[PDB]
Amino acid sequence: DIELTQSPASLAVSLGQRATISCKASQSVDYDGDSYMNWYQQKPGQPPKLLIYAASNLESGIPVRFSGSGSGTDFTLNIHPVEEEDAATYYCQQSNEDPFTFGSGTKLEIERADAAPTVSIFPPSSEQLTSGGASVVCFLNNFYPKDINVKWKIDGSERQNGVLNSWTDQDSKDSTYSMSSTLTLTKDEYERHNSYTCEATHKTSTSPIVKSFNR
Amino acid sequence: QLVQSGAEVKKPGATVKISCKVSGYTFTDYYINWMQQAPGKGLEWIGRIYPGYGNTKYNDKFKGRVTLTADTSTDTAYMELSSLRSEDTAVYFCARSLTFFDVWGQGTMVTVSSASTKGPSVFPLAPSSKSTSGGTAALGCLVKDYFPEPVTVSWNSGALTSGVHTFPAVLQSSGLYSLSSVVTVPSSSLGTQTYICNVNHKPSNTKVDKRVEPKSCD
């Protein structure tokens with residue numbers, strides 16, 4: 001089996017800058033009069049879409065700013081005016097000798113100005129309380145970089161268990177990240193205490209952003 | 001055009017058979033390949049069939065576990081995957097001549113899990129308490145403990161679109177999915193504007209419209 005070796009595993013550039021990714025095949029893919037190497041772009045939750053085939057031929061519809069080069073074993077995909085729109089994983093695939101094989105892919109991420117999260121805290125709903133549940137939610141929206149820490153405090157003391165965190169994909173337009181932190185307690189635990197706060201530690205501030213309410 | 005069969009839900013050990021109906025060319029003339037993609041993961045080739053002869057070739061990962069067939073009579077190709085495991089959860093695509101490009105089906109989501117189909121509970125994420133006057137408030141709905149994917153969320157019957165974020169669901173250790181759908185709004189609107197999240201989980205034919213109101217103390 002031909003092995004496809006892509007590098008780097010991930011790229012991080014600012015909008016407008018040029019980027020180059022490499023794909024090396026374990027043996028020459030040159031046949032007929034062309035190299036059977038294709039590049040595909042896969043955006044989050046989407047099926048892959050072809051960019052280049054025959055190593056350097058652009059699919060109809062693809063901009064000039066996507067350029068494929070190489071022959072034999074060394075191939076490259078270059079993207080000029082990089083934008084948020086280009087945020088995806090790029091795979092190369094060889095079609096010279098079966099089985100057809102894909103590279104591990106190169107994840108293109110964009111850099112931007114650091115942005116402090118907009119933090120919102122939500123007390124448990126009346127509906128959830130009617131049952132035996134009580135979840136406290138904090139939204140940490142439109143921040144950068146992705147690296148962030150959330151700490152939950154109940155009456156001033158940290159609570160580590162019963163928290164679920166989730167990060168959105170990098171925004172397709174402004175290249176920011178958002179995250180949700182849910183602290184689930186029993187109805188009894190919730191009513192037993194008064195002060196609930198989530199503290200967001202991000203490089204944008206020397207001190208964590210604090211949002212809190214008292215029951 | 002390549003049109004695939006609907007989404008599938010299967011228990012571990014079961015089998016799934018996905019269909020790929022073709023039109024707009026001579027079906028027997030081109031190889032049909034299938035490629036799958038686990039949620040937020042890359043692309044993985046599974047095998048090809050020669051519709052003319054019915055000859056096949058499979059990736060080593062699936063050899064003895066996948067069967068590809070076709071009915072030239074109705075220009076349809078099939079992928080059957082047996083001894084299903086949770087790792088098989090992925091969108092499955094058929095593609096005509098993937099090596100020499102070109103055309104892809106829309107994809108078929110197959111979810112494999114010991115979990116059973118279930119409608120979500122929809123809890124309000126009450127408008128954020130503001131210690132100081134004037135700002136932005138966040139509110140939403142927690143759409144918890146459903147199976148399988150997907151669910152759709154709108155706000156005020158699609159009237160409210162600005163500042164809405166419906167997050168990718170997380171797969172809880174229980175085997176059920178949970179997601180949040182939030183919106184940021186001016187704090188000043190909380191007194192006067194009604195906010196309802198409209199949740200639709202078609203797999204369980206469940207539809208919920210949940211009013212998200214300020215806490216009684218607010």
# chains A, B, ... in the order shown; residues from 1 in each chain; ligands from 1
>>> residues_around(residues="residue A:17", least_positions_apart="5", cutoff="10 Å", atoms="only C-alpha atoms", output="short mmCIF file (atom, residue, chain, number, x, y, z; two decimals) with C-alpha atoms, in the first residue's frame")
data_model
loop_
_atom_site.label_atom_id
_atom_site.label_comp_id
_atom_site.auth_asym_id
_atom_site.auth_seq_id
_atom_site.Cartn_x
_atom_site.Cartn_y
_atom_site.Cartn_z
CA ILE A 79 -3.34 28.77 -0.59
CA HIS A 80 -2.88 32.53 -1.09
CA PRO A 81 -5.28 35.18 0.40
CA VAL A 82 -6.16 32.78 3.23
CA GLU A 83 -9.47 33.63 4.88
CA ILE A 110 -6.59 30.99 11.28
#
>>> closest_atom_pairs(of="chain A", to="chain B", cutoff="6 Å", atoms="only C-alpha atoms", output="Markdown table")
| residue | atom | partner | partner_atom | distance |
| --- | --- | --- | --- | --- |
| A:95 | CA | B:99 | CA | 4.8 |
| A:120 | CA | B:138 | CA | 5.3 |
| A:121 | CA | B:128 | CA | 5.0 |
| A:122 | CA | B:126 | CA | 4.9 |
| A:123 | CA | B:126 | CA | 5.9 |
| A:125 | CA | B:124 | CA | 4.9 |
| A:128 | CA | B:123 | CA | 5.9 |
>>> atom_distance(atom1="atom CA of residue A:53", atom2="atom CA of residue A:36")
7.1 Å
>>> select_by_dssp(residues="stretch 11-211 of chain B", states="strand (DSSP E or B)", output="PyMOL selection string")
chain B and resi 16-22+32-37+44-50+55-58+66-71+76-81+90-96+103-104+108-112+118+121-125+136-147+152-155+160+164-166+170-171+177-186+196-201+206-211
>>> closest_residue(among="B:62, B:53, B:25, B:155", to="residue B:75", atoms="only C-alpha atoms")
B:25
>>> select_by_dssp(residues="stretch 1-212 of chain B", states="helix (DSSP H, G or I)", output="short mmCIF file (atom, residue, chain, number, x, y, z; two decimals) with C-alpha atoms, in the first residue's frame")
data_model
loop_
_atom_site.label_atom_id
_atom_site.label_comp_id
_atom_site.auth_asym_id
_atom_site.auth_seq_id
_atom_site.Cartn_x
_atom_site.Cartn_y
_atom_site.Cartn_z
CA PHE B 27 -24.27 3.50 -14.46
CA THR B 28 -22.29 0.42 -15.62
CA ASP B 29 -19.51 2.59 -17.15
CA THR B 72 -27.92 -2.26 -12.81
CA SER B 73 -31.69 -2.63 -13.48
CA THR B 74 -32.32 0.41 -11.24
CA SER B 86 -19.99 2.27 17.93
CA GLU B 87 -16.80 3.26 16.01
CA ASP B 88 -18.85 2.74 12.80
CA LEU B 98 -13.20 8.91 -6.56
CA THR B 99 -9.64 8.33 -7.89
CA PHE B 100 -10.53 10.06 -11.19
CA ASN B 156 -39.14 32.70 17.79
CA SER B 157 -40.08 30.43 14.85
CA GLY B 158 -37.00 31.62 12.88
CA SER B 187 -30.67 43.39 28.56
CA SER B 188 -33.30 46.13 27.99
CA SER B 189 -35.41 43.77 25.81
CA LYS B 202 -37.47 14.20 13.81
CA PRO B 203 -36.01 10.71 14.77
CA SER B 204 -38.55 10.65 17.64
#
>>> decode(residues="stretch 7-30 of chain B", atoms="N, CA and C atoms", output="JSON list (two decimals), in the first residue's frame")
[["chain", "number", "residue", "atom", "x", "y", "z"],
["B", 7, "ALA", "N", -31.05, 8.17, 6.86],
["B", 7, "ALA", "CA", -30.26, 7.87, 8.07],
["B", 7, "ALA", "C", -30.70, 6.55, 8.73],
["B", 8, "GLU", "N", -29.72, 5.89, 9.32],
["B", 8, "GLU", "CA", -29.88, 4.57, 9.96],
["B", 8, "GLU", "C", -29.45, 4.64, 11.42],
["B", 9, "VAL", "N", -30.16, 3.88, 12.26],
["B", 9, "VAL", "CA", -29.76, 3.67, 13.66],
["B", 9, "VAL", "C", -29.72, 2.16, 13.89],
["B", 10, "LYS", "N", -28.60, 1.70, 14.44],
["B", 10, "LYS", "CA", -28.36, 0.26, 14.65],
["B", 10, "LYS", "C", -27.73, -0.01, 16.02],
["B", 11, "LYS", "N", -28.07, -1.18, 16.54],
["B", 11, "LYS", "CA", -27.44, -1.74, 17.74],
["B", 11, "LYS", "C", -26.09, -2.38, 17.37],
["B", 12, "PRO", "N", -25.13, -2.43, 18.31],
["B", 12, "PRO", "CA", -23.86, -3.14, 18.12],
["B", 12, "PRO", "C", -24.15, -4.60, 17.73],
["B", 13, "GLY", "N", -23.38, -5.09, 16.76],
["B", 13, "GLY", "CA", -23.53, -6.46, 16.25],
["B", 13, "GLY", "C", -24.44, -6.56, 15.01],
["B", 14, "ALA", "N", -25.35, -5.60, 14.87],
["B", 14, "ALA", "CA", -26.26, -5.52, 13.71],
["B", 14, "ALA", "C", -25.51, -5.17, 12.41],
["B", 15, "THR", "N", -26.27, -5.12, 11.33],
["B", 15, "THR", "CA", -25.76, -4.78, 9.99],
["B", 15, "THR", "C", -26.60, -3.63, 9.42],
["B", 16, "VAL", "N", -25.97, -2.86, 8.54],
["B", 16, "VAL", "CA", -26.63, -1.76, 7.81],
["B", 16, "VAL", "C", -26.34, -1.90, 6.31],
["B", 17, "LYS", "N", -27.34, -1.55, 5.51],
["B", 17, "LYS", "CA", -27.19, -1.53, 4.05],
["B", 17, "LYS", "C", -27.67, -0.18, 3.49],
["B", 18, "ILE", "N", -26.71, 0.56, 2.95],
["B", 18, "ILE", "CA", -26.98, 1.89, 2.39],
["B", 18, "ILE", "C", -27.07, 1.79, 0.85],
["B", 19, "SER", "N", -27.98, 2.58, 0.30],
["B", 19, "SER", "CA", -28.24, 2.59, -1.15],
["B", 19, "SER", "C", -27.77, 3.92, -1.75],
["B", 20, "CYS", "N", -27.38, 3.84, -3.01],
["B", 20, "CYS", "CA", -26.88, 4.98, -3.80],
["B", 20, "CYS", "C", -27.44, 4.90, -5.22],
["B", 21, "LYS", "N", -28.56, 5.59, -5.42],
["B", 21, "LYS", "CA", -29.21, 5.61, -6.74],
["B", 21, "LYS", "C", -28.57, 6.71, -7.59],
["B", 22, "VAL", "N", -28.24, 6.27, -8.78],
["B", 22, "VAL", "CA", -27.56, 7.12, -9.75],
["B", 22, "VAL", "C", -28.51, 7.52, -10.90],
["B", 23, "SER", "N", -28.18, 8.66, -11.49],
["B", 23, "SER", "CA", -28.81, 9.13, -12.73],
["B", 23, "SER", "C", -27.94, 10.18, -13.43],
["B", 24, "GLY", "N", -28.20, 10.32, -14.73],
["B", 24, "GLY", "CA", -27.53, 11.32, -15.57],
["B", 24, "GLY", "C", -26.26, 10.81, -16.27],
["B", 25, "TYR", "N", -26.07, 9.49, -16.25],
["B", 25, "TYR", "CA", -24.96, 8.82, -16.95],
["B", 25, "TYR", "C", -25.20, 7.31, -17.00],
["B", 26, "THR", "N", -24.35, 6.63, -17.76],
["B", 26, "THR", "CA", -24.37, 5.17, -17.89],
["B", 26, "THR", "C", -23.77, 4.55, -16.62],
["B", 27, "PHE", "N", -24.65, 4.02, -15.79],
["B", 27, "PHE", "CA", -24.27, 3.50, -14.46],
["B", 27, "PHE", "C", -23.17, 2.43, -14.49],
["B", 28, "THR", "N", -23.26, 1.53, -15.46],
["B", 28, "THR", "CA", -22.29, 0.42, -15.62],
["B", 28, "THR", "C", -20.89, 0.85, -16.08],
["B", 29, "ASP", "N", -20.75, 2.11, -16.52],
["B", 29, "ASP", "CA", -19.51, 2.59, -17.15],
["B", 29, "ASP", "C", -18.44, 3.04, -16.13],
["B", 30, "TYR", "N", -18.85, 3.33, -14.91],
["B", 30, "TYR", "CA", -17.92, 3.95, -13.94],
["B", 30, "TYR", "C", -17.88, 3.18, -12.63]]
